[PDB]
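Take a look at the structure set out below.
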Amino acid sequence: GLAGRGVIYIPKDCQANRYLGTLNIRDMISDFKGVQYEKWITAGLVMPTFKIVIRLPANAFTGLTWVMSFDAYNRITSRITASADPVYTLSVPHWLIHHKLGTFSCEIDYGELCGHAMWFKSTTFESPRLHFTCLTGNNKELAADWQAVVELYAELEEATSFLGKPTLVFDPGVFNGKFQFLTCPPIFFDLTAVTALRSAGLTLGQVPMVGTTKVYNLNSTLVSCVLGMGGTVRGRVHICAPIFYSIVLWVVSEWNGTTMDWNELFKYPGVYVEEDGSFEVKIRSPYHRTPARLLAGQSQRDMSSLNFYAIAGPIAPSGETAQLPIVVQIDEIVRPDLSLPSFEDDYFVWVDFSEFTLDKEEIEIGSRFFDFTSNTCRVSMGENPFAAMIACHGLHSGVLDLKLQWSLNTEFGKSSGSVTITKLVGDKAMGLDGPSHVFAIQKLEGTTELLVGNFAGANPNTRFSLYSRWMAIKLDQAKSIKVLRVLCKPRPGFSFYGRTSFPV
Amino acid sequence: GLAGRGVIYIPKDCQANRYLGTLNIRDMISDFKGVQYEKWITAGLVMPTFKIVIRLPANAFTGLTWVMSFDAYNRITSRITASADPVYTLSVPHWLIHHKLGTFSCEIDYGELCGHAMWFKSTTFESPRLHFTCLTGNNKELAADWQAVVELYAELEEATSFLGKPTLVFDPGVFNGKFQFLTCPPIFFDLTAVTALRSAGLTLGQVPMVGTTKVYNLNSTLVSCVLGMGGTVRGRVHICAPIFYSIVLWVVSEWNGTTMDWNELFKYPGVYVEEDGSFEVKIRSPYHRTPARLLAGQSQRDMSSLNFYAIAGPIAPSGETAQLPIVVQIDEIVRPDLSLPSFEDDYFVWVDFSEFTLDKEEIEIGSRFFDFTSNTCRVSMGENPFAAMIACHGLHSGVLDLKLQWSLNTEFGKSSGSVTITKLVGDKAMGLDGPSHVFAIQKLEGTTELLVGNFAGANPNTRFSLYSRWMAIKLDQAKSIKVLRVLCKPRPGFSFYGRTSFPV
Amino acid sequence: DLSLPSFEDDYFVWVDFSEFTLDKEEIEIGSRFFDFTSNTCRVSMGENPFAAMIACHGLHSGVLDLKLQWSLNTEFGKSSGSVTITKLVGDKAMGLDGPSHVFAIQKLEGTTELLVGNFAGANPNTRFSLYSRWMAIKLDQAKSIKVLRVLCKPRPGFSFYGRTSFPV
């Protein structure tokens with residue numbers, strides 16, 4: 001039944017990118033309080049399937065399109081409260097809300113989209129939010145300020161387990177070609193132009209940016225798992241303007257620039273788009289595939305692109321001035337021609353330690369896979385899809401096999417000491433002794449396993465304190481080491497929960 | 001499920017007649033608030049079946065017995081908060097709570113015991129209460145103050161109708177001989193006495209008193225519907241003392257005094273009582289029946305009584321000092337020898353008006369059957385079982401046939417004017433005109449019907465304002481009237497809801 | 001979930017006449033159910049659903065049973081005269097004589113039927129002139145009456161035609 005509610009205020013002038021507000025999902029249920037809220041207190045833990053309903057007067061004369069963004073791990077909130085770049089709002093699970101369609105509804109399986117069960121008395125990891133932003137603005141301001149109502153419907157029952165089912169399990173050789181929640185920021189057409197071109201890059205492994213901020217997300221991370229891709233792009237086009245705006249588009253794929261000859265343009269295999277609908281366009285390339293990521297100094301336009309040509313319009317009655325926005329969603333690469341996977345089932349670099357200033361150095365790892373920092377030596381972190389996947393999920397869990405390699409800074413004959421791997425259960429202070437391991441420095445390499453997890457079952461992508469196994473690397477002659485490299489190779493079944501994003 | 005809760009506080013010295021507290025049933029549910037409370041808000045109206053549970057550490061060493069009294073219409077609250085005489089606490093539906101039995105439970109069909117459905121937002125008539133009082137005290141104080149927990153369990157669902165099913169329907173010729181909630185105040189035996197007698201009167205139509213206060217109740221009212229009764233009294237006896245107290249009773253019926261000869265006493269048909277249990281004793285009388293009520297200067301002992309003779313004990317270890325209490329419950333008269341009904345299916349006196357001081361007099365009746373007052377004339381109200389039944393229920397509804405009779409104060413030849421019966425729907429100010437009726441004073445009598453009820457379906461036994469038909473008697477030559485008598489005769493199906501009591 | 005009906009199948013108040021200024025008073029009813037006016041006495045009209053229904057339809061037709069009740073203004077022993085119910089077919093001038101009826105004032109009550117209708121079949125809610133039965137109440141000692149009350153009870157099948165409204 002109705003479990004919780006909230007209100008979004010809409011400014012009489014709702015421009016593209018306006019932050020409209022954030023609702024806190026747990027507060028919606030607890031402020032309402034709530035037949036469902038009271039069932040929750042008894043259950044303790046709930047893994048709801050929500051129906052979210054946004055009540056909203058339908059109107060075809062505004063052109064307004066909003067985005068509801070499900071931010072279960074509070075990753076974009078900080079960055080959108082002034083203004084919400086679409087790159088942020090579309091980097092987490094989200095839904096387009098078209099004003100022409102009025103009242104909106106969708107399902108959120110909290111087991112999938114989030115991954116951990118909700119505790120009645122307090123937030124466990126971070127507090128789950130719904131963000132409401134404006135993707136395409138109104139063509140002219142409306143008569144007055146107004147509001148929309150957000151409602152949560154659910155039948156809460158006691159959760160049997162803490163963890164959901166994993167959204168993703170790590171596998172280098174597996175990127176199907178199907179996507180979810182891959183929405184391109186809006187493309188705009190001026191009505192003061194008789195024709196026009198808008199390119200969308202198809203180099204989908206590229207990490208999106210907002211100014212100097214990189215926004216890592218699961219989709220670009222997935223694509224990066226492959227060297228390149230060919231095939232047909234299946235997607236949907238939304239025309240986000242008032243009924244009295246209209247346009248006709250020729251949508252086609254081109255390689256390295258665009259032709260300047262209108263007649264050549266129409267000898268290509270494209271499709272016409274007059275209205276909201278799906279489309280399929282073949283990725284066009286001399287190699288039949290476009291590369292997954294760019295090299296130094298190449299552009300996305302240098303490769304295969306999805307080109308939107310306005311061949312008639314846009315038109316509108318006078319005196320409208322608003323641009324006509326097109327929102328593109330990419331659903332999958334059908335009939336895919338994939339390259340080799342970019343990585344094999346092999347080790348990859350986690351971290352290099354170098355330039356040691358003290359002979360005694362102790363690197364605490366504990367039960368986490370994360371970015372190191374040191375005041376006493378130089379840390380160089382690895383960048384690879386696995387690390388990105390860690391960053392683009394709320395929770396993860398698994399086992400990493402480690403290979404340690406090191407070279408000497410001093411003469412081999414003078415060398416002494418060891419790379420020691422301390423393995424405990426608990427912490428340095430009260431822990432139990434596991435398979436700790438002393439590698440004489442002359443071995444020049446060593447191996448160990450690392451449990452990434454804890455008694456609860458999964459790690460957040462932050463610092464946390466939960467009883468688990470505990471690991472540390474101890475150097476006693478660190479100045480004799482030119483470099484200590486740590487490689488890892490996830491054991492099968494390394495699991496990720498709740499897709500999200502990670503701005504840096 | 002658990003719907004509401006509350007706490008009663010017990011003093012280390014809990015003496016007979018201590019008032020322990022009152023819980024407000026609706027507050028218990030709303031303060032808890034409550035999966036059931038929230039279901040209630042949606043239903044609007046509920047007609048619950050409650051399971052009441054009193055949690056209570058069982059103990060055989062105290063002698064403590066409490067009474068929970070269900071006072072849905074707030075009739076005894078005022079009178080028990082200083083001291084709670086058992087006459088008040090047992091005059092409404094109630095339950096004995098024996099300390100030796102520990103945790104206590106019972107069902108309350110709110111449809112029967114109360115009669116009207118509960119409105120989520122506010123009290124409709126009066127606010128339903130549970131009173132907790134001590135019936136028999138502890139033999140010696142306990143070690144410390146303590147508490148008991150009261151719990152309401154219910155599965156609230158929306159009520160289809162406002163009114164329950166009627167507890168009682170008026171019928172002069174119908175008193176079965178079965179009782180509910182007929183509990184006699186505790187009888188006490190001193191342990192400083194080798195034998196003893198305690199009489200319980202069997203003149204059950206007599207109205208119980210607390211000081212100068214009459215406590216009208218349904219049971220005595222029922223018995224008054226008959227001229228007398230013979231047969232066998234079936235009941236239960238509770239011995240309300242610690243396991244280390246014990247007694248043996250000879251229980252027998254006697255007429256007009258008691259025999260002084262122990263040998264004669266045991267030639268009577270009595271029963272022995274050694275412990276908690278049921279009993280059957282024949283009502284002994286020269287006429288085989290004892291009268292339902294007393295005449296002037298008669299005494300309850302002059303008739304048939306139920307006598308409790310302590311023939312062995314009570315005994316207790318030294319140095320106990322408490323008396324041993326016996327609580328008697330009367331369940332029915334089995335194999336009943338009833339007298340004629342005291343009333344036939346006929347009219348009875350509602351009210352006499354006399355001694356008018358003004359020629360213009362207007363008596364407003366409206367839609368109620370109630371006690372009149374006047375500053376301008378003498379009101380003499382009738383006392384009969386019907387009036388008592390009105391007083392001993394929370395709600396009632398039905399139709400009364402009225403006969404009006406009057407005699408002249410002036411000479412007949414000089415007489416003028418009328419007894420006018422105004423009949424409206426609504427009120428004097430905005431009402432519609434019904435079967436109003438002008439009786440020329442010389443008619444000397446007249447008849448009319450009166451609806452006792454309203455749009456909601458029933459009347460409380462208080463002043464209330466609910467749209468209904470409206471009646472008034474209008475005199476224009478009142479000084480010419482020596483007496484205006486109004487008789488009434490309830491039409492079949494006159495209904496009463498929720499048995500209760502009425503102290504005056 | 002309905003309440004009781006507000007009215008039962010019973011009489012209700014049509015009109016009270018009171019405060020008579022002349023001993024000779026004659027109230028013409030004819031064949032209509034309507035609001036009375038008098039220059040010589042006080043008219044108090046009843047308000048009930050039946051009267052509203054009469055007002056909220058274009059035409060109506062039926063039969064009303066009447067109960068007349070009255071109380072005296074003078075001393076009973078001095079009373080004389082009558083409440084007379086004149087019943088004609090036609091009009092006062094050329095009519096035929098029906099069940100006219102003389103109630104000695106001392107009876108203090110009387111009954112009669114009234115046809116609400118006419119040869120055409122129904123009455124408008126206005127004044128009209130259509131041949132029908134004709135009724136009048138005749139007082140000869142009206143100053144001796146404190147109040148004359150007229151109750152009516154429609155016989156089954158009292159009919160209304162054409163729903164409408166009535167602003168006042």
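Letters for chains follow the order of the structure tokens (A, B, ...), residue numbers begin at 1 for each chain, and ligand numbers begin at 1 in the order shown.
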Residues of chain C within 7 Å of chain B, counting only C-alpha atoms, as number ranges by chain: C: 3-4, 6-7, 10-13, 46-48, 69-77, 108, 146
Compile the contact shell of residue 188 of chain B as a compact mmCIF listing (two decimals) with N, CA and C atoms, in the first residue's frame: residues with an atom at most 12 Å away, counting only C-alpha atoms, same-chain residues fewer than 2 positions apart removed.
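In the end it all went to out04.txt:
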```txt
# COMPACT_ATOMS: atom_id res chain seq x y z
N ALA B 16 -7.92 -4.40 49.93
CA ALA B 16 -9.21 -4.53 49.24
C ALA B 16 -9.85 -3.16 48.99
N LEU B 135 -10.14 -6.37 44.40
CA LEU B 135 -11.36 -6.89 45.00
C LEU B 135 -11.12 -7.47 46.39
N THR B 136 -10.10 -8.32 46.49
CA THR B 136 -9.64 -8.84 47.78
C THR B 136 -8.16 -8.50 47.92
N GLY B 137 -7.76 -8.04 49.10
CA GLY B 137 -6.40 -7.57 49.31
C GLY B 137 -5.40 -8.65 49.62
N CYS B 184 -21.36 -11.17 43.33
CA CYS B 184 -21.64 -10.60 44.65
C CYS B 184 -20.37 -10.05 45.26
N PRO B 185 -20.45 -8.85 45.85
CA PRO B 185 -19.28 -8.34 46.58
C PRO B 185 -18.75 -9.41 47.54
N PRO B 186 -17.46 -9.34 47.85
CA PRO B 186 -16.80 -10.34 48.68
C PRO B 186 -17.45 -10.47 50.05
N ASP B 190 -13.66 -14.21 59.59
CA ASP B 190 -12.56 -13.98 60.52
C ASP B 190 -11.97 -15.31 60.94
N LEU B 191 -10.65 -15.36 61.12
CA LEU B 191 -10.05 -16.59 61.64
C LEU B 191 -10.02 -16.67 63.17
N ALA B 193 -12.67 -16.86 64.77
CA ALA B 193 -13.98 -17.40 65.04
C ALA B 193 -14.07 -18.87 64.67
N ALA B 196 -19.01 -19.52 61.87
CA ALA B 196 -19.57 -18.23 61.47
C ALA B 196 -20.60 -18.36 60.39
N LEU B 197 -21.47 -17.37 60.32
CA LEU B 197 -22.45 -17.33 59.26
C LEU B 197 -22.31 -16.06 58.44
N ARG B 198 -22.44 -16.17 57.12
CA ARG B 198 -22.58 -15.00 56.27
C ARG B 198 -23.74 -15.19 55.31
N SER B 199 -24.69 -14.26 55.36
CA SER B 199 -25.86 -14.32 54.50
C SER B 199 -25.69 -13.54 53.22
N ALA B 200 -26.23 -14.08 52.14
CA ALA B 200 -26.35 -13.34 50.91
C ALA B 200 -27.83 -13.31 50.56
N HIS B 238 -15.50 -18.61 44.66
CA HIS B 238 -14.05 -18.45 44.65
C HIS B 238 -13.50 -18.19 46.05
N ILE B 239 -12.54 -19.01 46.47
CA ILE B 239 -11.85 -18.78 47.73
C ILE B 239 -10.57 -17.99 47.51
N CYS B 240 -10.59 -16.73 47.93
CA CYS B 240 -9.58 -15.73 47.54
C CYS B 240 -8.56 -15.48 48.62
N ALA B 241 -7.77 -16.50 48.92
CA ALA B 241 -6.75 -16.40 49.96
C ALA B 241 -5.51 -17.19 49.54
N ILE B 247 -10.55 -23.40 54.34
CA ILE B 247 -11.83 -23.32 55.01
C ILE B 247 -12.77 -24.39 54.49
N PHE B 308 -23.86 -19.00 54.02
CA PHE B 308 -22.56 -19.62 54.00
C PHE B 308 -22.07 -19.85 55.41
N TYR B 309 -22.11 -21.10 55.86
CA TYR B 309 -21.67 -21.48 57.20
C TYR B 309 -20.24 -22.03 57.21
N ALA B 310 -19.36 -21.37 57.94
CA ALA B 310 -18.03 -21.90 58.10
C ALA B 310 -18.10 -22.97 59.19
N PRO B 314 -12.08 -20.72 59.04
CA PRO B 314 -10.82 -20.83 58.31
C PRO B 314 -9.62 -21.00 59.24
N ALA B 322 -5.19 -11.55 58.19
CA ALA B 322 -6.17 -11.30 57.14
C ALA B 322 -7.40 -12.19 57.26
N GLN B 323 -8.55 -11.66 56.89
CA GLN B 323 -9.73 -12.49 56.79
C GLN B 323 -9.68 -13.35 55.51
N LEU B 324 -10.45 -14.44 55.49
CA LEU B 324 -10.53 -15.26 54.29
C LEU B 324 -11.76 -14.84 53.50
N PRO B 325 -11.55 -14.30 52.29
CA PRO B 325 -12.66 -13.84 51.44
C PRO B 325 -13.21 -14.93 50.51
N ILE B 326 -14.53 -14.92 50.33
CA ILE B 326 -15.23 -15.80 49.41
C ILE B 326 -15.91 -14.90 48.39
N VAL B 327 -15.63 -15.09 47.10
CA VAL B 327 -16.39 -14.36 46.08
C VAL B 327 -17.41 -15.29 45.41
N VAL B 328 -18.69 -14.94 45.50
CA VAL B 328 -19.74 -15.76 44.88
C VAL B 328 -20.24 -15.19 43.54
```
Selection near segment 70-82 of chain B, 6 Å with only C-alpha atoms, sequence-local residues under 6 positions removed, as a ChimeraX atom specification: /B:19,93-94,114,126,128-130,394
How many Å separate atom CA of residue 21 of chain A from atom CA of residue 7 of chain A? 8.9 Å
Would you list which chain B residues are within 10 Å of chain A using only C-alpha atoms, as a ChimeraX atom specification? /B:33-42
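Distances from B:227, B:404, B:294, B:484 to residue 353 of chain B were compared using only C-alpha atoms, and the smallest one belongs to B:484.
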Please return as a PyMOL selection string: the residues of segment 2-162 of chain C that backbone DSSP assigns to strand (DSSP E or B). chain C and resi 12-18+25-30+42-45+57-72+82-89+96-97+101-104+109-116+123-124+133-139+145-154+159-162
Neighbour list for residue 57 of chain A as JSON, numbers by chain, cut-off 12 Å, only C-alpha atoms, skip fewer than 4 positions in-chain: {"A": [10, 61, 62, 64, 97, 98, 99, 100, 101, 102, 103, 104, 146, 147, 148, 149]}
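All residues within segment 15-158 of chain C that the backbone DSSP calculation assigns to alpha helix (DSSP H) are residues 49, 50, 51, 52, 53, 54 and 55 of chain C.
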At a cut-off of 9 Å, using only C-alpha atoms, what residues contact segment 211-217 of chain B? Leave out same-chain residues fewer than 5 positions from it and give the result as a ChimeraX atom specification. /B:87-88,91-92,222,388-389,391-393,499-504
So that I have them on file, write out the residues from the current selection with N, CA, C and O atoms, as an mmCIF file, in the first residue's frame.
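The resulting file, out-v2.cif, is shown below:
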```cif
data_model
loop_
_atom_site.group_PDB
_atom_site.id
_atom_site.type_symbol
_atom_site.label_atom_id
_atom_site.label_comp_id
_atom_site.auth_asym_id
_atom_site.auth_seq_id
_atom_site.Cartn_x
_atom_site.Cartn_y
_atom_site.Cartn_z
ATOM 1 N N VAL B 87 -19.522 -2.705 44.546
ATOM 2 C CA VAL B 87 -20.828 -2.490 43.920
ATOM 3 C C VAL B 87 -20.695 -1.741 42.591
ATOM 4 O O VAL B 87 -21.382 -2.067 41.625
ATOM 5 N N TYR B 88 -19.801 -0.758 42.530
ATOM 6 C CA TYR B 88 -19.576 -0.050 41.282
ATOM 7 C C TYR B 88 -18.824 -0.924 40.285
ATOM 8 O O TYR B 88 -19.243 -1.043 39.131
ATOM 9 N N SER B 91 -20.792 -3.682 38.531
ATOM 10 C CA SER B 91 -22.065 -3.288 37.948
ATOM 11 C C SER B 91 -21.979 -3.138 36.421
ATOM 12 O O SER B 91 -22.986 -2.877 35.750
ATOM 13 N N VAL B 92 -20.777 -3.278 35.876
ATOM 14 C CA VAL B 92 -20.588 -3.265 34.427
ATOM 15 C C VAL B 92 -19.907 -4.563 34.050
ATOM 16 O O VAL B 92 -19.465 -5.298 34.928
ATOM 17 N N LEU B 222 -33.453 -6.734 35.361
ATOM 18 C CA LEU B 222 -34.083 -7.937 34.812
ATOM 19 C C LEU B 222 -34.949 -8.664 35.835
ATOM 20 O O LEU B 222 -36.104 -8.962 35.580
ATOM 21 N N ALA B 388 -35.311 1.829 33.695
ATOM 22 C CA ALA B 388 -34.052 1.275 34.186
ATOM 23 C C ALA B 388 -33.224 0.707 33.037
ATOM 24 O O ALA B 388 -32.011 0.924 32.965
ATOM 25 N N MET B 389 -33.879 -0.012 32.133
ATOM 26 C CA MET B 389 -33.169 -0.540 30.985
ATOM 27 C C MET B 389 -32.579 0.562 30.115
ATOM 28 O O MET B 389 -31.488 0.407 29.573
ATOM 29 N N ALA B 391 -31.481 3.263 31.273
ATOM 30 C CA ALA B 391 -30.385 3.784 32.077
ATOM 31 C C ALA B 391 -29.193 2.850 32.116
ATOM 32 O O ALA B 391 -28.055 3.273 32.377
ATOM 33 N N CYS B 392 -29.459 1.569 31.882
ATOM 34 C CA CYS B 392 -28.443 0.538 32.041
ATOM 35 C C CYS B 392 -27.873 0.085 30.717
ATOM 36 O O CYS B 392 -27.272 -0.983 30.641
ATOM 37 N N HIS B 393 -28.063 0.887 29.679
ATOM 38 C CA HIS B 393 -27.415 0.610 28.418
ATOM 39 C C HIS B 393 -26.827 1.875 27.839
ATOM 40 O O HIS B 393 -27.313 2.974 28.120
ATOM 41 N N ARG B 499 -24.589 -3.349 27.628
ATOM 42 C CA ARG B 499 -25.001 -3.314 29.030
ATOM 43 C C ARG B 499 -23.983 -2.549 29.884
ATOM 44 O O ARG B 499 -22.764 -2.710 29.719
ATOM 45 N N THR B 500 -24.506 -1.721 30.786
ATOM 46 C CA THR B 500 -23.698 -0.920 31.700
ATOM 47 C C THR B 500 -24.502 -0.614 32.980
ATOM 48 O O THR B 500 -25.478 -1.312 33.294
ATOM 49 N N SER B 501 -24.086 0.401 33.730
ATOM 50 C CA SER B 501 -24.778 0.736 34.967
ATOM 51 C C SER B 501 -24.973 2.226 35.057
ATOM 52 O O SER B 501 -24.507 2.977 34.198
ATOM 53 N N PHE B 502 -25.672 2.646 36.103
ATOM 54 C CA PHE B 502 -26.090 4.031 36.249
ATOM 55 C C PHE B 502 -26.226 4.433 37.716
ATOM 56 O O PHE B 502 -27.290 4.250 38.321
ATOM 57 N N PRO B 503 -25.141 4.968 38.295
ATOM 58 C CA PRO B 503 -25.184 5.459 39.673
ATOM 59 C C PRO B 503 -25.899 6.813 39.774
ATOM 60 O O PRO B 503 -25.631 7.718 38.978
ATOM 61 N N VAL B 504 -26.807 6.929 40.740
ATOM 62 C CA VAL B 504 -27.425 8.209 41.110
ATOM 63 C C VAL B 504 -27.437 8.421 42.640
ATOM 64 O O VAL B 504 -28.009 7.622 43.409
#
```
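Distances to residue 150 of chain C were evaluated for C:68, C:135, C:114, C:105 using only C-alpha atoms, and the minimum falls at C:68.
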Can you pull out the residues contacting residue 316 of chain A? Cut-off 7 Å, using only C-alpha atoms, and skip same-chain residues under 3 positions away; I want them as number ranges by chain. A: 244-246, 320
Keeping N, CA, C and O atoms, export the residues of the selection given above as an mmCIF file, in the first residue's frame.
```
data_model
loop_
_atom_site.group_PDB
_atom_site.id
_atom_site.type_symbol
_atom_site.label_atom_id
_atom_site.label_comp_id
_atom_site.auth_asym_id
_atom_site.auth_seq_id
_atom_site.Cartn_x
_atom_site.Cartn_y
_atom_site.Cartn_z
ATOM 1 N N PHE A 244 3.751 21.608 -30.560
ATOM 2 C CA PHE A 244 3.830 22.564 -31.674
ATOM 3 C C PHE A 244 5.250 22.769 -32.223
ATOM 4 O O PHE A 244 5.476 23.564 -33.131
ATOM 5 N N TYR A 245 6.205 22.044 -31.654
ATOM 6 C CA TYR A 245 7.536 21.899 -32.246
ATOM 7 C C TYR A 245 7.557 20.597 -33.038
ATOM 8 O O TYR A 245 6.909 19.620 -32.642
ATOM 9 N N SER A 246 8.306 20.564 -34.137
ATOM 10 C CA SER A 246 8.473 19.311 -34.879
ATOM 11 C C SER A 246 9.728 19.297 -35.743
ATOM 12 O O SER A 246 10.243 20.342 -36.142
ATOM 13 N N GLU A 320 8.702 31.413 -30.719
ATOM 14 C CA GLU A 320 9.372 30.500 -29.827
ATOM 15 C C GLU A 320 10.872 30.697 -30.017
ATOM 16 O O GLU A 320 11.318 31.148 -31.073
#
```
